[PDB]
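# A closer look at the structure
Here is what each chain is made of, one letter per residue.
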Amino acid sequence: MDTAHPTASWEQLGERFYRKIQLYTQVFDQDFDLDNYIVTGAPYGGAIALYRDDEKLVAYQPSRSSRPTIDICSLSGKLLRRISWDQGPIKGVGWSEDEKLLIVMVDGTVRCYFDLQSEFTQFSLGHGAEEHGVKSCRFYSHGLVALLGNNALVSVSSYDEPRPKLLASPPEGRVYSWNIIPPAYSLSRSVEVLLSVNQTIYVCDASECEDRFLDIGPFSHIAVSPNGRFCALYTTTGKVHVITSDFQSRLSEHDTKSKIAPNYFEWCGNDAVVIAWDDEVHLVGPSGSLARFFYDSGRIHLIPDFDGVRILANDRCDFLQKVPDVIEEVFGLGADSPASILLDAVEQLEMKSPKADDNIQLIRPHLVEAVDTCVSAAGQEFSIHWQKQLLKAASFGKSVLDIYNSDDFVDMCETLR
Amino acid sequence: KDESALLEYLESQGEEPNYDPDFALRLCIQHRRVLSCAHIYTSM
């Protein structure tokens, strides 16, 4: 396993740590066409669905028909199942908390596939989906939400309960873009929608809508941070800004050199966002500083996972994630936390250095904090050596601490196993 | 079934009611390991 500890790719942008994890590589990369489909996220750590674009499968995979197919694959790139639809074009694909495949048709028809036998439950969107069509949708464990051709939104309390109700009345202005916020990150702990209308930002709640104006040109794609405190909005001018949940002034701004088309725009954490921008990936930090990643594909598609974004490629999967606080303190680039000292002890242990033991006693006063950090950190890793190194870091402190729960360590061990 | 709620009751009363650490642990551990161990070990 050469993907067990890919720490060399880590970088600091805007005084924050970011990591690109190459968990898997392919042997069929030259037989893998990723330029003709859109890949969705796997926010519960389930399979990643590859949704084929009927308008792209013309020159390379010339089906040339309105008969959409989705290839559902593991994170290794291995296909688990293939499902084809006879109901016309698919609006998009997401996942449930039980790793169900949630497919929304452009006419509001929804199917929730739960196994390799292609069995599914029934679901639907509001009537506007049939009268005007669906423009876009998002998938949540608390019910699905979608914006319809009349610029109105509908929602349910559960993705398996086909009883759609109006979420928000349609705007009277010109709609440029929108983003849907789940109860997890909303202020009312319910469904909220951000609408960019006539260069004004409207926030639609369950009972009321707020009207707030920000002085910027016509809007583009929108993405909301996983904390409910602020949102990054792109514009057609290339100027990017971040707006708070409570808007008195702008939080941050990022200048451009040229106009871009920031497709598949999503947050990789609470500090930074990832932009597909056709064939080049842009990572924008909290300071406005920009990092770039390069691929030889015709188009790069981003994977809107939970608290991170994966970058699609035929030779490897590049998981680009904002480093979690429990991770920054253990595998961080020069982090001064005692948790990073525990990980140093592990590296010293591998090398049979005496520093492995000294590193533990020197942080005794904060050792319990360092260990708890390593425990939470351990479950957030996707690689075998990284998980073992974080677990060993916790083990070191466990052997010294008189105030530590050794069963929590074991529970973590079983969790990592 | 709800072992946790029942342990919470004893935990609320305090450490003294259990008196013998090993006794309470043997009975809790044999029933369920790891998941219930962390609780009974934290309690007293």
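What the entry reports as its method is cryo-EM, with 5.10 Å given for the resolution.

With that settled, consider the side chain of A:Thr200. Residue and element names in this part refer to chain A. With respect to the helices and strands, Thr200 occurs in strand 17 (residues 200-204). Exposure remark for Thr200: the relative accessible area of 10% places this residue in the buried category. If we skip the residues at most four places from it in the chain, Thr200 touches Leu195, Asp211, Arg212, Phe213 and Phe219.

Our next topic: the pattern of salt bridges. All names here are of chain A. Inspection of the entire model under this criterion finds 19 salt bridges over all chains. Note that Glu381 is salt-bridged to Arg19, the shortest N-O span being 2.8 Å. On the criterion of sequence distance, the pair formed by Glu381 in the loop between helix 5 (367-378) and helix 6 (384-398) and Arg19 in strand 2 (residues 17-25) is long-range, its members being 362 residues apart. Each member of the pair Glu381 and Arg19 is classed as buried.

Time to look at the packing of helix 3 (residues 338-350) of chain A against helix 6 of chain A. All names here are of chain A. Two numbers describe how helix 3 lies on helix 6: the axes approach to 8 Å, and their chain directions differ by 100°. Between helix 3 and helix 6, the interaxial angle falls into the category roughly perpendicular. Residues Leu342, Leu343, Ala345, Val346, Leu349 and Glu350 of helix 3 touch helix 6, and the partners they reach there are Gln389, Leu390, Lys392, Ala393, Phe396 and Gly397. Looking at the contact of helix 3 with helix 6, its residues break down into eight nonpolar, two polar and two charged.

Right, let's talk about the nonpolar core for a bit. Residues and elements named next belong to chain A. Counting 38 residues, the largest nonpolar core has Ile327, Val330, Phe331, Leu342, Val371, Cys374 and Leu390 as the members making the most contacts within it. The element contributing the most residues to this core is helix 5, with eight residues. Apart from residues no more than four positions distant in its own chain, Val371 is found in contact with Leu342, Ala394, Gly397, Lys398, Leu401 and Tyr404. Core analysis: the second largest hydrophobic core is formed by 17 residues, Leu13, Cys268, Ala272 and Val309 among them.

This part is about the side chain of A:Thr40. Residues and elements named next belong to chain A. By the element assignment, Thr40 lies in the loop between strand 3 (37-39) and strand 4 (48-52). Assessed through its relative accessible area of 11%, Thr40 is described here as buried. Within polar-contact distance, the side chain of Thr40 engages the backbone oxygen of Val93 at 2.6 Å. Those residues in contact with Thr40 that lie beyond four places of it in its chain are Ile48, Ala49, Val93, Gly94, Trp95, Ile303 and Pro304.

It is worth spelling out the interface of chain B and chain A at this point. When the parts of a complex come together, some accessible area is lost, and that lost area is often used as the size of the interface. At the junction of the two partners, chain B supplies six residues and chain A supplies five residues. For chain B, the biggest contributors to the area lost against chain A are B:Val34, B:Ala38 and B:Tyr41; these three give 76% of the whole. Here chain B and chain A share zero salt bridges between them. The tally of links between chain B and chain A comes to two residue pairs in polar contact. Its residues placed into classes, the side of chain B that touches chain A shows five nonpolar, one polar and no charged.

Moving on, we get to helix 3 of chain A. Residues and elements named next belong to chain A. Its 13 residues place the ends of helix 3 19 Å apart at the C-alpha level, agreeing with the 18 Å of an ideal helix rising 1.5 Å per residue. If you follow the buried residues of helix 3, they end up packed against helix 2 (325-331), helix 4 (355-361), helix 5 and helix 6. Following helix 3 by one or two positions, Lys352 has its phi on the positive side, about 55°.

In this section: the pairing of strand 8 (residues 101-105) of chain A. Residue and element names in this part refer to chain A. Taking burial as the measure, the five residues of strand 8 include five buried ones, the bulk of the element. Residues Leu101, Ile103 and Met105 of strand 8 are buried on one face, and the alternating residues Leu102 and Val104, pointing to the opposite face, are buried as well. Looking at chain direction, strand 7 (residues 90-95) and strand 8 are connected through five bridges and run antiparallel. Counterpart to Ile90 in the pairing with strand 8 is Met105.

With that settled, the discussion passes to the sheet that holds strand 2 of chain A. Residue and element names in this part refer to chain A. Pairing within the open sheet is antiparallel, and its five strands lie in the order 1-2-29-28-27. The sheet is open, and its two edges are formed by strand 1 (11-12) and strand 27 (302-305), each paired on a single side. Bridge count between strand 27 and strand 28 (residues 308-311): four bridges; the pairing is antiparallel. Among the inter-strand pairings, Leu302 is bridged to a residue of strand 28, identified as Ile311.

All names here are of chain A. Relative to strand 22 (residues 250-254), strand 21 (residues 240-244) runs antiparallel, the two being bridged by four bridges. Bridge pairing links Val242 to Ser252 in strand 22. The antiparallel hairpin formed by strand 21 and strand 22 contains five residues in its connecting segment.

Looking now at helix 6 of chain A. Residues and elements named next belong to chain A. Taking 1.5 Å per residue, 15 residues should reach 21 Å; helix 6 reaches 21 Å between its end C-alpha atoms and fits that length. Turning to helix 6, its buried residues number three or more, namely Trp386, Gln387, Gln389, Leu390, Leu391, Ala393, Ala394, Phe396 and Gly397. Against strand 2, helix 2, helix 3, helix 4, helix 5 and helix 7 (406-416) lie the buried residues of helix 6.

Here we come to the sheet that holds strand 18 (residues 209-213) of chain A. Residue and element names in this part refer to chain A. The strand order across the open sheet built from four strands is 15-16-17-18, with neighbouring strands paired in antiparallel fashion. The sheet terminates laterally at strand 15 (175-181) and strand 18, the two strands that pair on one side only. Across this sheet, the average inter-strand angle for adjacent strands is 20°, counted without regard to direction. Pairing analysis gives five bridges linking strand 16 (residues 192-197) to strand 17, with the strands arranged antiparallel. The residue of strand 17 that forms the bridge with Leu194 is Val203.

Bringing unusual backbone geometry into the picture now. Residues and elements named next belong to chain A. Positioned with a positive phi, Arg64 is a non-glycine residue whose angle comes to about 50°. Along the polypeptide, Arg64 turns up in the loop between strand 4 and strand 5 (69-73). Under the relative-accessibility criterion, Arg64 is labelled exposed at 58%. The phi torsion at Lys352 lies on the positive side, around 55°, for a residue other than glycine. By secondary structure assignment, the location of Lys352 is in the loop between helix 3 and helix 4.

The rules behind each value
Residues numbered from 1 in each chain as written, not as in the entry; some residues may be left out. Chains lettered and ligands numbered in written order. Part of a larger assembly, values for the part shown. Heavy atoms only, no water. Helix = DSSP H or I, 4+ residues; strand = E, 2+ residues; numbered from the N terminus. Buried < 20%, exposed > 50% of the residue type's maximum accessible area, 1.4 Å probe, protein only. Contact = heavy atoms within 4.5 Å. Salt bridge = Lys/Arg side-chain N within 4 Å of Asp/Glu carboxyl O. Axes fitted to C-alpha atoms, helices over the stretch in contact; angles between N-to-C directions. Parallel < 35°, antiparallel > 145°, perpendicular 65-115°, else oblique. Nonpolar A, V, L, I, M, F, W, Y, C, P; charged D, E, K, R; others polar. Core = buried A, V, L, I, M, F, W, Y, C linked by side-chain atoms within 4.5 Å. Polar contact = N/O pair within 3.5 Å; in protein donor to acceptor, adjacent residues only side chain to side chain. Buried area = accessible area lost by both parts, 1.4 Å probe. Expected span 1.5 Å × (residues − 1). Pairing = 2+ DSSP bridges.

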